[PDB]
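A single chain, nothing else alongside it, follows as structure tokens in the form deposited in one PDB entry.
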């Protein structure tokens, strides 16, 4: 089996069904004690929680699900009826994420999409009946942060006040995205310094709030 399957089986055998906080704890314990993996992790997760609670978004788009850690983290804080759409290009990871969400009891809040962001973003309005997004969590290929931000805008998916929250802006890094949003009058940007998941390595989140054209 793969690392991702081992993480899912660990959660199934060490967390309580229907209890999202147990699922996050189990993932973080496994990835601290057994095998590192690219989940957002608890240090950066606690900053995500504070952002989610400040904005109480009704409709969130995540780019990059992986094993569903960030999807569990955000969906557990959504208000009743609020929704998360999460895009995952790797079908094995899409299947782990669906199973992780099932286990956590969050499957009615989340729709796990299996494809590439550049293919799926243009289908959001017609196929997933999206008007505009309240928040976007960027956690996919780091060289896609910037092009997908611009594609979201092209597609009319951003509105005044949509919150972009970007993982890994330091490690691995997203230098073009950072320079762009920080330089642009169309974004109001804040950096939250933290640590790479499970490591004593500096990383950070960027929040970039869209201000319209």
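Numbering follows the first chain given and starts at 1. We call the rigid core the largest set of C-alpha positions that still match within 1.5 Å between the two forms.
Asker: When the C-alpha temperature factors are averaged for each of 123 to 131 and 110 to 118, which stretch ends up with the higher value in the entry?
Answerer: Going by the record's values, the stretch with the higher mean is 123 to 131.
Asker: Going by the mean C-alpha B-factor recorded in the entry, which is higher: 15 to 23 or 200 to 208?
Answerer: Mean C-alpha B-factor is greater for 15 to 23.
Asker: In the PDB entry, which of 156, 173, 64, 147 has its C-alpha at the highest B-factor?
Answerer: 156 has the highest C-alpha B-factor of those listed.
Asker: Considering only 164, 31, 152, 169, which residue's Cα atom bears the greatest B-factor as recorded?
Answerer: Reading the PDB entry, the winner on C-alpha B-factor is 31.
Asker: Using the B-factors in the PDB entry, rank residue 79's C-alpha atom against the chain and give the third, lowest, middle or highest.
Answerer: Tercile = highest for this residue's CA B-factor.
Asker: Would you mind ranking residue 87 by its C-alpha B-factor against the rest of the chain and naming the third, lowest, middle or highest?
Answerer: For residue 87, whose C-alpha B-factor we compare with every modelled residue in the chain, the answer is the highest third.
Asker: What third of the chain, by the recorded C-alpha B-factor, contains residue 55?
Answerer: Ranked within chain, residue 55 CA B lands in the middle tercile.
Asker: Considering every modelled residue of the chain and its Cα B-factor in the PDB entry, is residue 187 in the lowest, middle or highest third?
Answerer: Highest third, going by the recorded CA B-factors of the chain.
FYI, the form deposited in another entry isn't displayed, but the following is about it.
Asker: So with the core overlaid, does the Cα of residue 189 end up 2 Å or more away between the shown form and the other one?
Answerer: It does not reach a 2 Å shift.
Asker: Comparing between the shown form and the other one on the rigid core, is the C-alpha shift at residue 10 2 Å or larger?
Answerer: After core superposition, the C-alpha of residue 10 moves less than 2 Å between the shown form and the other one.
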